[PDB]
Amino acid sequence: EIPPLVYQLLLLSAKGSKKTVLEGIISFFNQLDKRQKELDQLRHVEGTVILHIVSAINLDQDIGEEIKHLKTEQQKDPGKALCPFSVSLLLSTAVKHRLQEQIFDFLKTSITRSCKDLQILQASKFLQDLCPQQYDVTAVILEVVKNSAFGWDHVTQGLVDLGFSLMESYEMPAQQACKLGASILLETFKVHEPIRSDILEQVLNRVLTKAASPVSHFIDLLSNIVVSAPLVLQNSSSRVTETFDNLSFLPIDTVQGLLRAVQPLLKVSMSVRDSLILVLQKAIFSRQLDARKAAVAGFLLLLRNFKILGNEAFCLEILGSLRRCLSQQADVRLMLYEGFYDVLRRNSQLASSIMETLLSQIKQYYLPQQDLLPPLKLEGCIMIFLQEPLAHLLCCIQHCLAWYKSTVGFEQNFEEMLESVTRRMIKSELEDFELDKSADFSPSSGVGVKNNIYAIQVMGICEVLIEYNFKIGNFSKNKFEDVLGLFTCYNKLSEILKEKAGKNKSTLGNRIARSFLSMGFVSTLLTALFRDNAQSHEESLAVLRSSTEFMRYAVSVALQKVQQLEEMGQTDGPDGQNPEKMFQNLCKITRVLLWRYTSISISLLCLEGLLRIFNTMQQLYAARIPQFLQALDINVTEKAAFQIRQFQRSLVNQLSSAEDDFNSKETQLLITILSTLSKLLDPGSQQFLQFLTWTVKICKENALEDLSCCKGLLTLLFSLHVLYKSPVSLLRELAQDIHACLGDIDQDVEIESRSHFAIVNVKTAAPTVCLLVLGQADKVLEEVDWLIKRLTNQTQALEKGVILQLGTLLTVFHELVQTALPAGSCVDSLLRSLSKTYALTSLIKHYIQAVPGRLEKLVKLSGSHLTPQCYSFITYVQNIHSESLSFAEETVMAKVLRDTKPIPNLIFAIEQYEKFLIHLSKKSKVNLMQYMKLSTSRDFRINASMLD
Amino acid sequence: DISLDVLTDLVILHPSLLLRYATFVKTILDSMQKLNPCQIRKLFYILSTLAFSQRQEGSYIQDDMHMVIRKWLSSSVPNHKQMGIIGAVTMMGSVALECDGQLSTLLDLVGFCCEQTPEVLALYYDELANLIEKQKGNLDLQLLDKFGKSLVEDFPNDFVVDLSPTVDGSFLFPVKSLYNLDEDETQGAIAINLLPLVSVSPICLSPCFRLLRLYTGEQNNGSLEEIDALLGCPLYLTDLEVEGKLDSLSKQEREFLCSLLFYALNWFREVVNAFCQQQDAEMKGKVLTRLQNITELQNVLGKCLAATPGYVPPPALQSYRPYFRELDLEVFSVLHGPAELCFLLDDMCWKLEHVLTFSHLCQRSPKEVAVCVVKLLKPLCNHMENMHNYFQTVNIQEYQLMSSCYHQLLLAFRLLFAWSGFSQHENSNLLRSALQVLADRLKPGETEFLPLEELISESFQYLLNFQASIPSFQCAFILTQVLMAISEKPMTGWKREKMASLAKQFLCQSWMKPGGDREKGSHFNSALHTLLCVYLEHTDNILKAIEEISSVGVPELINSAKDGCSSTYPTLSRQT
């Protein structure tokens, strides 16, 4: 009887009134759907009524504006307005060509508000506690596509338009918008057959002319949709050929990912392969740096596009292209050295030809002379400029030689000349070298930079042969001393000359320069060096362990590699793009890194690494955490609780140590390592609590005078007591200590010398803590504004928490504004934050619509705890800045209109809050001003007696 | 409205392209219900011209909207009836720039629709009057006679009575012929029946006189020999002195008496509104006496309408215009006493306020208003001069009357000079023409095409010849506003000193209503605000001026005037 009912309703709406019919039908179908989800006969009828409503809005366009009802419902209480049928109806009407933008920006603001709300709830469980009602628009909008598998056409058009403008409006809530758009586009592509070509055309037209904003979303969702359905491009008659022009816009990573995505369709389709080979052939000899970079990037992929390792003309014809390209500049000579190994893992005789080409290349600078004066033909790499990166070429040579050796005429020659070079470097010291002067380097000089590029190039030369001798020799003492001599040449020429005269004027934040080692090699080195003691050891590591300088470099290279995995998503050396491969490498190196730390600076290096493994583990390998956690030997928390416990033991021993043994660099990393590992402890575990009570009890007892140590530890406590309870209890206690620790605003009454925390001493109550407390206080006020926004049967519960929290929050500022703060930015933060908490106005402004006793008590508290104390602060800041202004050159206009600007703003905030009390006092028929006092102002009188 | 304008441009440039989507537009009009009267009278006016000029789907859309009207001739929604009727009249307006069969169908349609209901009949007649008045330039005579032949049977078959009283002796009040014709015994029977027309409803009586005027203006270039002798009609009403019976408060006849006199007064308003403009022998004085008669009728209307605490007449005393049969601008064309001129300027003031700054006040362009006022301001200026001399000579009844006439007239000049359109130079040519007319009136000859600032000087000497004779502060303030409106936007030093002195003495001029009771109030406050703002803007040393006002102007008021004023400025008071 529902189709006849909807028929009579739209008949009535066509001519008669149209106000409440839509609300009734949407509510009825809401309850119908909530029943149904707990099938086909319902989907068909729902599609029919959707079509009837879209026809009604098409013919009778006046039924859509009455968007106003949904907007009012959302404003009255956020969330409970985007019902699945309501959103489906507006989505269908979004393609009406009329009123699209109003509906569309309503959806945009609703979805961004919902994602921000989800972010806050994931950042605050207390809001989840008092506001369990959550409305996640992502799920309901990704459920429509699940329901759109029943012949919905205009619904699908609305979906694809919504996604297109989603990528348009992207450019973190913007990243969440990208995620939602990719999800909805993938769903509507996967299940809708006749529109998938339209989706492909839209995404192909949207990627172009888009490079300023991060556009990796286009390539990633394109890869996902083509790996789900590769035949769409051929169904679209392979419209990817026009995209080959992207070699000039931004082919730094977009081309690589695009080719990665389209790999199977290039393989199956000969026409697109021919187009790619011709476009790259015309691109390679373009003499542009960008064009050549795009060409070599495409070459890195096309060789492995075709597989024969387990059509031979295709194999042999591609050999000479990179050989010809090798003659170009060093910058374009760079990436081929790295990418050769990837394709060399995919060939047998092509590998032999590639080795022969590389051997002919290295003969250019070999100088075959049988162990005499060093083979430095670096003079050719001068055209102040550099022509060939010898270090990268040598690294590629070593890696490819290792691959060839492991796989199963010139190869014997290849090994001996490499061995000859190793025997030549050990015999060629900094006496036969041309760069024997300690200060021949000169920045911004035609010869100094020539020495600098020679200096950096030889460092990579030494590093590569370190890998060779370690790998070619197997527990053979003769090769180990060669490694010692190589680093002896390396350190003697890297520790001094460079970073003395080369570049060390600014303090080096980083360490030993960019290394050309293998993540596999460094893993083998550390695992063989530490946590390895067997009869196969030929006493070579015993003399190797004496080289503590080699020890520092041996781990600093690893810190460089995982930092590449920190800042970027990849690294150097072989197996830099196979995420499982380093995951195993990271799984292996972490233990020996931990073992070295637990064996007992040098350990400072490995511990810094562990901080960056855990950081990289969560930020990159989020889905792969359980195996890594279990690899340290299923619930992550029990193993995580074990891991922090050993770190807890290190801290408690280290913190309890004397001040002479504080090694602050260790403390910062270990504090941060907990703040990173404590992130993934699950909410429903007890170990959450005893750890949380441990850091509280360690805060109550320990009295640390370091500043960054206190700042880092407090961040951990406030990054964990933000998802379990209300932090205002902690903030109040911190404010209790700060006021007790420091003096008083009136310097007349003595605060009792309490100590809630031992960390806060006569020194740490400086901006060190007082800026963190006000930082947390600002955060609490920020979400309260959202709660006040939500407040404007569930309403009563919302008002309970807000009044309770603001009551506690007022006790925080009341005890904090009475603090005798020092000069500087800490005073400025308090004055501005006081302007924030008063903007108390919005809650008063909302309740004008209504009175409750609890709200009256808050104003009673606010009047008796904030305003009279707040004005006392202004009478004090005037003299502390007068004292601070005497220390000028011992113009000034900057320092007089910058330390006093907050004062007028604070006055305005007080009166604006005071003014809205007038409105409530008259309207609410209750006088709530007997609690507070009269407003106080100030004047002056220029002391002309002391004018001069 | 912007979209209707661009659609009008599209249809005038080429209708054919619109006809491609004109079917969708027509179906849209058939679909939604958000119609408004003006957008109907434009949309239907545009929509019908395409059918009989171009042929793409003209028959389809034409018959579609025709059938829409027929189906909704008496709609369930009541307002659709009147919007359909205005649509119909604008159809025959476009047609009367063949349609004979369709015209017959629609006229029979509306005739069946207007069977006995008078409200739709009154609206139909009013909209037809609007049609003919707007398209007076050229309407088809024979087609109009085919359609509008009811004129000979509407008025002179239902509201024509013998001059002698011989009908309905026993009635509510005896029928008395007031305001008799000047030349008695010229027609066999000339008297309009409204008192026996208690109810044909008397609502449909005022607009149809305008209709007869337009019919006689279209049948002949003049408007004589068909109604010329039928203007001097002794108007058949109750006894004149029945206002003494208002104390009875019948509420059964006196309530009907109010509508009776209201309809008769609207009749008279049309009488002056109709044939004043025409110039002919032995009829100007009749128009003047009719204007005196409407003055008296308003006077008698005032008391009876004040007696009843609420009453609703149909649109078909001072703020009563919407229920009043509106007067046109052709009345002042024949300006060639105090109360009558006060009334004329009273109903002129609102028009000049709206045009220069249903709702029949909104159908003339400001440029046309300017050319009309400059066309016929000479008798205006002559009467201004004579009554200015009267004011220069020195009972309340004429003094206050002429003071109000003076104030309304100077308000007329202010909004004739404060018209914001003067900012652009396009209209400044007609402005210069008006200034030459004014200067020629002031200085005979030797004043053609004098330069702009000297024209300002001429207007300064002329319009300030009336400076010494100002009865009300309103007149003085509005004169200052007149000059501010005519003075240069970049204000010049000689005018700076002139206006400084003039407003100084105006603030120093006493203001006394004839019966005491100094001219205070709320309009007085706003006028004082604007005048003193203009003064302080044009005074040379503004700081010295405000210092004087705050040093000697106020303290005398603060120490002396309990209810009086400051000695230096009688315009300053405790209230002001």
# chains A, B, ... in the order shown; residues from 1 in each chain; ligands from 1

$ select_by_dssp --residues "region 66-252 of chain B" --states "strand (DSSP E or B)" --output "list in words"
residues 176, 177, 178, 193, 235, 236 and 237 of chain B

$ write_last_selection --atoms "N, CA and C atoms" --output "PDB file, in the first residue's frame"
ATOM      1  N   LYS B 176     -31.075  63.212  -3.600  1.00  0.00           N
ATOM      2  CA  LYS B 176     -30.874  64.643  -3.784  1.00  0.00           C
ATOM      3  C   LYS B 176     -29.779  64.868  -4.816  1.00  0.00           C
ATOM      4  N   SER B 177     -30.051  65.745  -5.778  1.00  0.00           N
ATOM      5  CA  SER B 177     -29.113  66.040  -6.859  1.00  0.00           C
ATOM      6  C   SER B 177     -28.196  67.169  -6.406  1.00  0.00           C
ATOM      7  N   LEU B 178     -26.990  66.814  -5.980  1.00  0.00           N
ATOM      8  CA  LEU B 178     -25.995  67.782  -5.547  1.00  0.00           C
ATOM      9  C   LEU B 178     -25.033  68.096  -6.687  1.00  0.00           C
ATOM     10  N   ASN B 193     -27.020  57.006 -11.270  1.00  0.00           N
ATOM     11  CA  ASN B 193     -27.768  56.325 -10.222  1.00  0.00           C
ATOM     12  C   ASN B 193     -26.799  55.537  -9.353  1.00  0.00           C
ATOM     13  N   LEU B 235     -25.278  64.652  -9.412  1.00  0.00           N
ATOM     14  CA  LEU B 235     -24.956  63.317  -8.925  1.00  0.00           C
ATOM     15  C   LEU B 235     -25.996  62.894  -7.893  1.00  0.00           C
ATOM     16  N   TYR B 236     -26.725  61.821  -8.204  1.00  0.00           N
ATOM     17  CA  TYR B 236     -27.868  61.378  -7.415  1.00  0.00           C
ATOM     18  C   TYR B 236     -27.433  60.700  -6.123  1.00  0.00           C
ATOM     19  N   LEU B 237     -27.325  61.465  -5.044  1.00  0.00           N
ATOM     20  CA  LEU B 237     -26.999  60.915  -3.736  1.00  0.00           C
ATOM     21  C   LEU B 237     -28.079  61.268  -2.717  1.00  0.00           C
TER      22      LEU B 237
END

$ closest_atom_pairs --of "chain B" --to "chain A" --cutoff "8 Å" --atoms "only C-alpha atoms" --output "JSON lines"
{"residue": "B:28", "atom": "CA", "partner": "A:59", "partner_atom": "CA", "distance": 7.5}
{"residue": "B:31", "atom": "CA", "partner": "A:60", "partner_atom": "CA", "distance": 6.5}
{"residue": "B:32", "atom": "CA", "partner": "A:60", "partner_atom": "CA", "distance": 6.1}
{"residue": "B:33", "atom": "CA", "partner": "A:15", "partner_atom": "CA", "distance": 7.7}

$ residues_around --residues "region 361-368 of chain B" --least-positions-apart "6" --cutoff "8 Å" --atoms "only C-alpha atoms" --output "number ranges by chain"
B: 326, 351, 354-355, 427

$ residues_around --residues "residue 407 (chain B)" --least-positions-apart "5" --cutoff "10 Å" --atoms "only C-alpha atoms" --output "ChimeraX atom specification"
/B:342,345-346,401-402,412-413,470-479

$ residues_around --residues "region 108-124 of chain A" --least-positions-apart "5" --cutoff "9 Å" --atoms "only C-alpha atoms" --output "PyMOL selection string"
chain A and resi 74+78-79+82+103+129+134-138+166+169+172-174+176-177+719+722-726+783+786

$ residues_around --residues "residue 276 (chain A)" --least-positions-apart "4" --cutoff "10 Å" --atoms "only C-alpha atoms" --output "list in words"
residues 241, 244, 259, 266, 270, 271, 272, 280, 281, 298 and 302 of chain A

$ write_last_selection --atoms "C-alpha atoms" --output "PDB file, in the first residue's frame"
ATOM      1  CA  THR A 241      47.729   7.072 -25.741  1.00  0.00           C
ATOM      2  CA  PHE A 244      51.935  10.186 -23.169  1.00  0.00           C
ATOM      3  CA  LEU A 259      53.280   2.800 -16.163  1.00  0.00           C
ATOM      4  CA  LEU A 266      50.595  -2.503 -22.214  1.00  0.00           C
ATOM      5  CA  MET A 270      50.480  -4.392 -28.852  1.00  0.00           C
ATOM      6  CA  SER A 271      49.243  -0.989 -30.060  1.00  0.00           C
ATOM      7  CA  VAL A 272      49.780   0.773 -26.732  1.00  0.00           C
ATOM      8  CA  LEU A 280      59.972   7.173 -25.482  1.00  0.00           C
ATOM      9  CA  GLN A 281      62.244   6.881 -28.531  1.00  0.00           C
ATOM     10  CA  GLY A 298      60.060   4.992 -18.727  1.00  0.00           C
ATOM     11  CA  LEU A 302      59.640  -0.991 -20.116  1.00  0.00           C
TER      12      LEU A 302
END

$ decode --residues "region 31-65 of chain B" --atoms "N, CA, C and O atoms" --output "PDB file, in the first residue's frame"
ATOM      1  N   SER B  31       3.464  24.013 -15.269  1.00  0.00           N
ATOM      2  CA  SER B  31       3.822  23.124 -14.167  1.00  0.00           C
ATOM      3  C   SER B  31       3.822  23.832 -12.812  1.00  0.00           C
ATOM      4  O   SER B  31       3.049  23.469 -11.919  1.00  0.00           O
ATOM      5  N   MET B  32       4.677  24.839 -12.640  1.00  0.00           N
ATOM      6  CA  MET B  32       4.843  25.407 -11.311  1.00  0.00           C
ATOM      7  C   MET B  32       3.758  26.441 -11.028  1.00  0.00           C
ATOM      8  O   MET B  32       3.089  26.947 -11.934  1.00  0.00           O
ATOM      9  N   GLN B  33       3.584  26.748  -9.745  1.00  0.00           N
ATOM     10  CA  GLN B  33       2.652  27.781  -9.298  1.00  0.00           C
ATOM     11  C   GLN B  33       3.427  28.763  -8.425  1.00  0.00           C
ATOM     12  O   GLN B  33       3.454  28.650  -7.199  1.00  0.00           O
ATOM     13  N   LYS B  34       4.072  29.732  -9.080  1.00  0.00           N
ATOM     14  CA  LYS B  34       4.731  30.835  -8.390  1.00  0.00           C
ATOM     15  C   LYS B  34       4.499  32.150  -9.123  1.00  0.00           C
ATOM     16  O   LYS B  34       5.348  33.047  -9.059  1.00  0.00           O
ATOM     17  N   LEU B  35       3.371  32.280  -9.815  1.00  0.00           N
ATOM     18  CA  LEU B  35       3.127  33.405 -10.700  1.00  0.00           C
ATOM     19  C   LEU B  35       2.900  34.694  -9.914  1.00  0.00           C
ATOM     20  O   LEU B  35       2.370  34.696  -8.799  1.00  0.00           O
ATOM     21  N   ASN B  36       3.312  35.800 -10.518  1.00  0.00           N
ATOM     22  CA  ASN B  36       3.142  37.134  -9.963  1.00  0.00           C
ATOM     23  C   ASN B  36       2.566  38.032 -11.045  1.00  0.00           C
ATOM     24  O   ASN B  36       2.879  37.864 -12.228  1.00  0.00           O
ATOM     25  N   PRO B  37       1.733  39.010 -10.667  1.00  0.00           N
ATOM     26  CA  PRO B  37       0.955  39.742 -11.689  1.00  0.00           C
ATOM     27  C   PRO B  37       1.803  40.419 -12.756  1.00  0.00           C
ATOM     28  O   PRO B  37       1.482  40.326 -13.950  1.00  0.00           O
ATOM     29  N   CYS B  38       2.877  41.100 -12.359  1.00  0.00           N
ATOM     30  CA  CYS B  38       3.717  41.787 -13.336  1.00  0.00           C
ATOM     31  C   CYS B  38       4.374  40.794 -14.288  1.00  0.00           C
ATOM     32  O   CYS B  38       4.445  41.026 -15.503  1.00  0.00           O
ATOM     33  N   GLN B  39       4.859  39.672 -13.756  1.00  0.00           N
ATOM     34  CA  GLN B  39       5.557  38.731 -14.619  1.00  0.00           C
ATOM     35  C   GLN B  39       4.572  38.011 -15.535  1.00  0.00           C
ATOM     36  O   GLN B  39       4.931  37.628 -16.649  1.00  0.00           O
ATOM     37  N   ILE B  40       3.306  37.889 -15.121  1.00  0.00           N
ATOM     38  CA  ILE B  40       2.259  37.484 -16.064  1.00  0.00           C
ATOM     39  C   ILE B  40       2.092  38.521 -17.165  1.00  0.00           C
ATOM     40  O   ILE B  40       2.090  38.191 -18.357  1.00  0.00           O
ATOM     41  N   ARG B  41       1.939  39.795 -16.791  1.00  0.00           N
ATOM     42  CA  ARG B  41       1.598  40.791 -17.803  1.00  0.00           C
ATOM     43  C   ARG B  41       2.756  41.034 -18.764  1.00  0.00           C
ATOM     44  O   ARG B  41       2.560  41.639 -19.823  1.00  0.00           O
ATOM     45  N   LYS B  42       3.962  40.579 -18.417  1.00  0.00           N
ATOM     46  CA  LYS B  42       5.048  40.599 -19.398  1.00  0.00           C
ATOM     47  C   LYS B  42       5.145  39.275 -20.157  1.00  0.00           C
ATOM     48  O   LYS B  42       5.314  39.261 -21.384  1.00  0.00           O
ATOM     49  N   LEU B  43       5.040  38.150 -19.444  1.00  0.00           N
ATOM     50  CA  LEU B  43       5.241  36.840 -20.050  1.00  0.00           C
ATOM     51  C   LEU B  43       4.171  36.538 -21.091  1.00  0.00           C
ATOM     52  O   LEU B  43       4.479  36.092 -22.200  1.00  0.00           O
ATOM     53  N   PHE B  44       2.901  36.758 -20.745  1.00  0.00           N
ATOM     54  CA  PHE B  44       1.832  36.511 -21.706  1.00  0.00           C
ATOM     55  C   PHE B  44       1.863  37.521 -22.844  1.00  0.00           C
ATOM     56  O   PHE B  44       1.498  37.192 -23.978  1.00  0.00           O
ATOM     57  N   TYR B  45       2.288  38.755 -22.559  1.00  0.00           N
ATOM     58  CA  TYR B  45       2.454  39.755 -23.606  1.00  0.00           C
ATOM     59  C   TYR B  45       3.502  39.338 -24.628  1.00  0.00           C
ATOM     60  O   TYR B  45       3.327  39.598 -25.823  1.00  0.00           O
ATOM     61  N   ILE B  46       4.578  38.695 -24.187  1.00  0.00           N
ATOM     62  CA  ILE B  46       5.608  38.191 -25.087  1.00  0.00           C
ATOM     63  C   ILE B  46       5.182  36.895 -25.772  1.00  0.00           C
ATOM     64  O   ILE B  46       5.470  36.688 -26.951  1.00  0.00           O
ATOM     65  N   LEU B  47       4.470  36.025 -25.052  1.00  0.00           N
ATOM     66  CA  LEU B  47       4.265  34.644 -25.475  1.00  0.00           C
ATOM     67  C   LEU B  47       3.328  34.498 -26.667  1.00  0.00           C
ATOM     68  O   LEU B  47       3.389  33.470 -27.350  1.00  0.00           O
ATOM     69  N   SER B  48       2.465  35.476 -26.935  1.00  0.00           N
ATOM     70  CA  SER B  48       1.460  35.325 -27.980  1.00  0.00           C
ATOM     71  C   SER B  48       1.885  35.893 -29.326  1.00  0.00           C
ATOM     72  O   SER B  48       1.320  35.504 -30.353  1.00  0.00           O
ATOM     73  N   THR B  49       2.863  36.802 -29.351  1.00  0.00           N
ATOM     74  CA  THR B  49       3.255  37.432 -30.607  1.00  0.00           C
ATOM     75  C   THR B  49       3.980  36.472 -31.542  1.00  0.00           C
ATOM     76  O   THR B  49       4.076  36.750 -32.742  1.00  0.00           O
ATOM     77  N   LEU B  50       4.492  35.352 -31.025  1.00  0.00           N
ATOM     78  CA  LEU B  50       5.249  34.433 -31.867  1.00  0.00           C
ATOM     79  C   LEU B  50       4.343  33.597 -32.763  1.00  0.00           C
ATOM     80  O   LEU B  50       4.749  33.219 -33.867  1.00  0.00           O
ATOM     81  N   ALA B  51       3.123  33.298 -32.309  1.00  0.00           N
ATOM     82  CA  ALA B  51       2.267  32.358 -33.028  1.00  0.00           C
ATOM     83  C   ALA B  51       1.873  32.890 -34.403  1.00  0.00           C
ATOM     84  O   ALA B  51       1.883  32.148 -35.391  1.00  0.00           O
ATOM     85  N   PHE B  52       1.521  34.171 -34.484  1.00  0.00           N
ATOM     86  CA  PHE B  52       0.991  34.756 -35.709  1.00  0.00           C
ATOM     87  C   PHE B  52       2.051  35.471 -36.538  1.00  0.00           C
ATOM     88  O   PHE B  52       1.714  36.098 -37.547  1.00  0.00           O
ATOM     89  N   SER B  53       3.318  35.395 -36.137  1.00  0.00           N
ATOM     90  CA  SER B  53       4.420  35.954 -36.909  1.00  0.00           C
ATOM     91  C   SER B  53       5.348  34.882 -37.457  1.00  0.00           C
ATOM     92  O   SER B  53       5.692  34.905 -38.643  1.00  0.00           O
ATOM     93  N   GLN B  54       5.761  33.935 -36.620  1.00  0.00           N
ATOM     94  CA  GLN B  54       6.618  32.833 -37.021  1.00  0.00           C
ATOM     95  C   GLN B  54       5.891  31.513 -36.796  1.00  0.00           C
ATOM     96  O   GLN B  54       4.987  31.420 -35.961  1.00  0.00           O
ATOM     97  N   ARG B  55       6.286  30.488 -37.551  1.00  0.00           N
ATOM     98  CA  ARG B  55       5.595  29.198 -37.535  1.00  0.00           C
ATOM     99  C   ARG B  55       6.602  28.070 -37.324  1.00  0.00           C
ATOM    100  O   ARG B  55       7.094  27.476 -38.286  1.00  0.00           O
ATOM    101  N   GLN B  56       6.905  27.779 -36.059  1.00  0.00           N
ATOM    102  CA  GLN B  56       7.615  26.559 -35.689  1.00  0.00           C
ATOM    103  C   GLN B  56       6.736  25.649 -34.843  1.00  0.00           C
ATOM    104  O   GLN B  56       6.532  24.484 -35.202  1.00  0.00           O
ATOM    105  N   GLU B  57       6.208  26.151 -33.724  1.00  0.00           N
ATOM    106  CA  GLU B  57       5.210  25.445 -32.931  1.00  0.00           C
ATOM    107  C   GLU B  57       4.180  26.419 -32.373  1.00  0.00           C
ATOM    108  O   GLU B  57       3.561  26.149 -31.338  1.00  0.00           O
ATOM    109  N   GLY B  58       3.981  27.550 -33.057  1.00  0.00           N
ATOM    110  CA  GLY B  58       3.149  28.610 -32.508  1.00  0.00           C
ATOM    111  C   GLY B  58       1.728  28.169 -32.221  1.00  0.00           C
ATOM    112  O   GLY B  58       1.148  28.539 -31.197  1.00  0.00           O
ATOM    113  N   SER B  59       1.147  27.369 -33.119  1.00  0.00           N
ATOM    114  CA  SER B  59      -0.202  26.865 -32.887  1.00  0.00           C
ATOM    115  C   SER B  59      -0.258  26.015 -31.624  1.00  0.00           C
ATOM    116  O   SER B  59      -1.187  26.147 -30.818  1.00  0.00           O
ATOM    117  N   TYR B  60       0.740  25.149 -31.427  1.00  0.00           N
ATOM    118  CA  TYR B  60       0.738  24.262 -30.269  1.00  0.00           C
ATOM    119  C   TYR B  60       0.768  25.051 -28.966  1.00  0.00           C
ATOM    120  O   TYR B  60      -0.077  24.848 -28.089  1.00  0.00           O
ATOM    121  N   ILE B  61       1.727  25.970 -28.828  1.00  0.00           N
ATOM    122  CA  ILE B  61       1.858  26.723 -27.582  1.00  0.00           C
ATOM    123  C   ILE B  61       0.661  27.645 -27.385  1.00  0.00           C
ATOM    124  O   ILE B  61       0.155  27.806 -26.264  1.00  0.00           O
ATOM    125  N   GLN B  62       0.186  28.262 -28.470  1.00  0.00           N
ATOM    126  CA  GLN B  62      -0.955  29.163 -28.373  1.00  0.00           C
ATOM    127  C   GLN B  62      -2.189  28.427 -27.869  1.00  0.00           C
ATOM    128  O   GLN B  62      -2.823  28.847 -26.893  1.00  0.00           O
ATOM    129  N   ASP B  63      -2.534  27.309 -28.515  1.00  0.00           N
ATOM    130  CA  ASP B  63      -3.689  26.538 -28.076  1.00  0.00           C
ATOM    131  C   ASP B  63      -3.463  25.925 -26.702  1.00  0.00           C
ATOM    132  O   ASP B  63      -4.423  25.744 -25.949  1.00  0.00           O
ATOM    133  N   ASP B  64      -2.212  25.623 -26.347  1.00  0.00           N
ATOM    134  CA  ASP B  64      -1.936  25.072 -25.028  1.00  0.00           C
ATOM    135  C   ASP B  64      -2.257  26.084 -23.936  1.00  0.00           C
ATOM    136  O   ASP B  64      -2.945  25.762 -22.962  1.00  0.00           O
ATOM    137  N   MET B  65      -1.777  27.321 -24.086  1.00  0.00           N
ATOM    138  CA  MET B  65      -2.070  28.316 -23.056  1.00  0.00           C
ATOM    139  C   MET B  65      -3.540  28.722 -23.095  1.00  0.00           C
ATOM    140  O   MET B  65      -4.140  29.003 -22.047  1.00  0.00           O
TER     141      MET B  65
END
